[PDB]
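Below is one structure, written out as structure tokens; the observations come after it.
Reckoned from all heavy atoms, side chains included, excluding hydrogens, waters and symmetry mates. Protein chains get the first letters and strands the later ones, always in sequence-line order, with residue 1 at the start of each.
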4 protein chains.
Amino acid sequence: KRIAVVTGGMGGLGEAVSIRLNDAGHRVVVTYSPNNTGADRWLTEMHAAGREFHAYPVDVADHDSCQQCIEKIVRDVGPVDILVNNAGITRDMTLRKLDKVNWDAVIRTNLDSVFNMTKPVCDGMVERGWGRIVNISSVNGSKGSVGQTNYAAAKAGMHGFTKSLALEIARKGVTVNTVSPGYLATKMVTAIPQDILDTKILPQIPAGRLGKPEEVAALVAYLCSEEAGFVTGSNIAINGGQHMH
Amino acid sequence: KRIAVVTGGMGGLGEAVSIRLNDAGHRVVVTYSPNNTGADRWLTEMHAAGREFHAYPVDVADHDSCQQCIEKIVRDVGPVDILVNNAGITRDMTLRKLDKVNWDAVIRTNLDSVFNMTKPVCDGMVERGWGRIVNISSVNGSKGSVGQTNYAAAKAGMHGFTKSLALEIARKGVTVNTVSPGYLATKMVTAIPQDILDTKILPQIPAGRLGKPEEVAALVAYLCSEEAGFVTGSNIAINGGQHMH
Amino acid sequence: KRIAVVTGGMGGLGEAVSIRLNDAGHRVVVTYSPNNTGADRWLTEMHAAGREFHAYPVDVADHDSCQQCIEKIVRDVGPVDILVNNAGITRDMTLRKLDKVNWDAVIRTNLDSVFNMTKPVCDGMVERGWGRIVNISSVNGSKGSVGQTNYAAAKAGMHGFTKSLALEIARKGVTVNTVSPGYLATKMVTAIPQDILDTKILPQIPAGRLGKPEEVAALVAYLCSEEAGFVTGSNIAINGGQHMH
Amino acid sequence: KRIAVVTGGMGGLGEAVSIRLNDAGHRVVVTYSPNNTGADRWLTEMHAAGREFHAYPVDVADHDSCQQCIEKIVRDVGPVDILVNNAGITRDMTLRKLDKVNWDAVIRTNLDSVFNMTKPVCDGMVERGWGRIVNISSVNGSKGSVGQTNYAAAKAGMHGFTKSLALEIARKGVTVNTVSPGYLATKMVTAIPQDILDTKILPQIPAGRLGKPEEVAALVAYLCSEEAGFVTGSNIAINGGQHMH
Ligand SMILES: [Cl-]
Ligand SMILES: [Cl-]
């Protein structure tokens, strides 16, 4: 019944989300950067565990690339009911060392992406009277973080987008929500030297452990569900207690 | 497998929560005020739709009454894995007309209740390394509301409790979360003259409709689930967009 | 012109506030617990420093005690234009060890006090079309703290109260705001071993120092000023960057 | 002693800020868009009112434009101690109708500007151990607004930036804070038909009036003061009670 698009859906958190949405019964489409050569290996690996996906290349930072990609998906698969804006990078540098190139890379990939991917899907969801849009932020959007003037600006901006869009289209049966994960067990975090995990990262987390990508995926699946229609404009923290407010 | 206690579990939101938790597979125990004569009619109605509950009388405002009630439940049913602090009243009056009697009734029933019900269950959850505590607040805790200096103080206080407890026991596998519903279709809200619903209440809600108690129950069930262990110290808004922050 | 009441005004943060408001041109009245035998000492000290204050015994936990104190202040000094609810205590214990006595002491002194002290002064403020109420909270109300389910509940509750009352009387030229301080250099904190200050306290504060009570008092003075009339229902953090949201 | 830069300083809120900081004893420099031909008129007016300012053309959306402007200000006037990022625009359109041009105009002018203007002044502030950065947001960043997915994204983004930068430099005596105004009596708003003010704007504001630009400027002056050094990473609401959280 529902068709879901997950940007950056073939790796890390993206992948957990795509798998969970698939297992919830949705038809899942993922997007990947043109530079990523693994979409055929990934679709075969996924077919081997018995999950059928589609996959499209896009540059989420480029408006026309996104309009095109979404047109193809609607042609080939069908109308988008669910969108998870998960694509995003970091270019961590203190403000004193941060240059315009790396400011821009983060704002364009992480926040412009939200406009570029969301605009082409909304009119259909409004026209059918049902939609779910989930913007994947970060605890560092809420809290701030050293070396992340760019990343926290983009991720906090994403929730400003969430709120305004939510107000525009709530009455038509479309929800818009932000999810802000803390530290997860993914390739970037798990490569940290063990002593830094144990003496720097884990002490910041009351739960005393990393989050699993599958846990965050379960929350995204709840928000995309039929009975989550009264939750809109929210920012849901899934962070082990690392930050509360 | 899990045993859940829902205060005020036999009516309004309480009941939706108890039903949903039952249908999720939990063994559900409800509490009711000694003044409520309907526990036998309710348990029969519930048995008729095929749900097995237990029900205990308690005064959530009284510490010893709660310790006793929880002892009986542990004796008769077994150890408490899940607690939903849902009991709560309103005594709405502007501060200028509000007297100490009605200030107290709300603070004692709505906030002291959280201490009184939660304290006797925590040591077991910590000892087994698993627990879920869900505190049911209100959008008026976040936003404030005219005539609710007492109610918003109690409901905002509940989330202060949530945060501190969450920090104390996160490392032992126990989560503590607040849920803040907006306007729901329950007997108090549905009795409002139709014109007031249409010209005063609904215009405050971007979704353009009341929430269902079952919707809030679905969110509580998500928080009590096995895969919601990385969400703790949160306050999740389920309000149709009525308030965002 | 303005007459200000500062509960707990003879010591710690309350002192700094009383001093600052005096020096801003207000006539300052303080309250103290009837079992505090330091009033003559504090007045003598203040007089030798050139400041004139009135000091009245009150039990802020007791509604009639507060009502009678304010009536006396209105007879002997004049109508109250400014109230700063600064009185409050701690009784820190984890929930597993916290007894009802110590839950209650903190809820009644810290939260019931806002109702007890604020109710007898609001009508006047409203009738004259001008007033300032400032509720002194804590960073621990925003973030929670181990050992402070009682304190965080009371201090978060205070801000619930702030919001609801602000909505009730904003139209009449009365403002109500919360101030949430972090770690301050009061006698209590500056008596923490230097060692614990360096390894446990200061690392929580990006500013790398304790706040001065004078600095918090400058903020209260700002909120009590004639030009702060458009700030209402807010919770202003003054914590050296210890918590942000 | 202190040298202050106020972007957008010749009109509206920026004007009130520039005036207030001047009157607080600071040496105030303003910036304006190079296509604004009003600088001589504004200086003449200010001079006749007894205030002396310097005004420099800048494109806040352009990184090199801002870097060269600050270098000129440092040569002709002196090192910048205070920066108020007040410049910003609106291009209101619902997402369904919003084009990339108008997304971009607002992200670049409102959000990239904080990076462009703040980066060239931070090192100085850090080297001397004193600085104040104030980012002017909006109530619509906190709450979202119909037609403002772009504006809310930029203004919420600004506060993301505030938090991360505050964490980076708090240890060096530099503060970074956001101020979020509600409806203000600027030329634009006071030109809304009286009719729309009464039925559409004022009912959103518990205070029952528009804010004065002077009132917001008094808050900025407070944050820029010597005694506000322990306030950092905050977002202070000045909205007549329009939004609370
Ligand atoms: Cl005392
Ligand atoms: Cl300009």
Side-chain angles (χ1 to χ4, degrees), chain B residues 7-8 11-13 33-36 58-63 65 85-96 98-117 135-161 186 189 191-192, chain C residues 59-71 83 85 103-104 106-126 133 135 153-154 156-169 174 176:
Chain B
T7 62
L13 178 56
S33 159
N35 304 309
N36 189 333
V58 74
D59 175 1
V60 294
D62 180 83
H63 187 78
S65 172
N85 289 307
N86 167 79
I89 58 180
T90 58
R91 294 293 187 263
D92 295 348
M93 269 154 280
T94 58
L95 179 64
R96 187 178 67 86
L98 181 57
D99 64 6
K100 185 53 154 57
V101 168
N102 286 295
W103 170 267
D104 291 346
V106 169
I107 300 304
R108 295 185 351 262
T109 302
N110 299 11
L111 179 55
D112 292 341
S113 61
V114 176
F115 172 78
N116 287 338
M117 289 299 308
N135 291 326
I136 302 295
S137 182
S138 166
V139 67
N140 293 344
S142 310
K143 169 174 82 53
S145 182
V146 298
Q148 290 196 331
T149 51
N150 48 2
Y151 187 81
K155 294 303 203 175
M158 168 180 301
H159 184 57
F161 181 102
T186 55
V189 189
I192 292 164
Chain C
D59 180 3
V60 290
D62 183 288
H63 184 260
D64 298 330
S65 183
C66 294
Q67 163 103 291
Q68 293 162 7
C69 178
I70 291 293
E71 286 171 346
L83 178 59
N85 289 309
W103 171 265
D104 285 342
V106 165
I107 300 302
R108 300 180 73 82
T109 304
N110 296 16
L111 179 53
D112 288 348
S113 57
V114 176
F115 168 79
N116 294 335
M117 286 299 305
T118 304
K119 183 181 167 76
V121 310
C122 271
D123 288 2
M125 294 175 174
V126 165
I133 301 154
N135 290 321
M158 164 190 278
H159 187 52
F161 183 99
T162 287
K163 293 175 287 193
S164 290
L165 181 60
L167 295 172
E168 289 183 4
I169 66 181
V174 187
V176 194

Would you call the rings of B/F115 and C/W103 parallel, tilted or perpendicular if under 30° counts as parallel and over 60° as perpendicular?
parallel

Donor on one side chain, acceptor on other, C/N85 and C/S113, under 3.5 Å:
no

For C/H63 and C/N116, which I'm curious about, is there any donor-acceptor pair between the side chains at under 3.5 Å?
no

Smallest separation among heavy atoms of [X] and [Y], with atom names:
X	Y	answer
B/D92	B/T90	OD1-CB, 3.4 Å
C/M117	C/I70	CE-CD1, 3.8 Å
C/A153	B/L111	CB-CD1, 4.2 Å
B/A105	B/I89	O-CD1, 3.7 Å
B/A152	B/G144	CB-CA, 4.4 Å
B/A156	B/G141	CB-O, 4.0 Å

[X] side, atom [atom1]; [Y] side, atom [atom2] - distance, nearest 0.5 Å:
X	Y	atom1	atom2	result
B/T149	B/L98	OG1	CG	5.0 Å
C/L165	C/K119	CG	NZ	11.0 Å
B/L95	C/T118	CG	OG1	7.0 Å
B/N110	B/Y151	CG	OH	6.5 Å
C/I133	C/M125	CD1	CE	4.5 Å
C/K163	B/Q148	NZ	CD	12.5 Å

Report the C-alpha distance between C/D104 and C/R108 in whole Å, list the side-chain angles of each, state the deciding distance to 0.1 Å, and finish with yes or no for salt bridge (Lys or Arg N to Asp or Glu O under 4.0 Å).
CA-CA 6 Å; C/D104 285 342; C/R108 300 180 73 82; over 6 Å; no

Short question: side chain of [X], backbone of [Y] - any donor-acceptor pair under 3.5 Å?
X	Y	answer
B/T109	B/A61	no
C/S164	B/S145	yes
B/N150	B/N102	yes

Going by heavy atoms in the side chains, are [X] and [Y] under 4.5 Å from each other?
X	Y	result
B/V146	B/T94	no
C/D123	C/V126	no
B/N140	B/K155	no

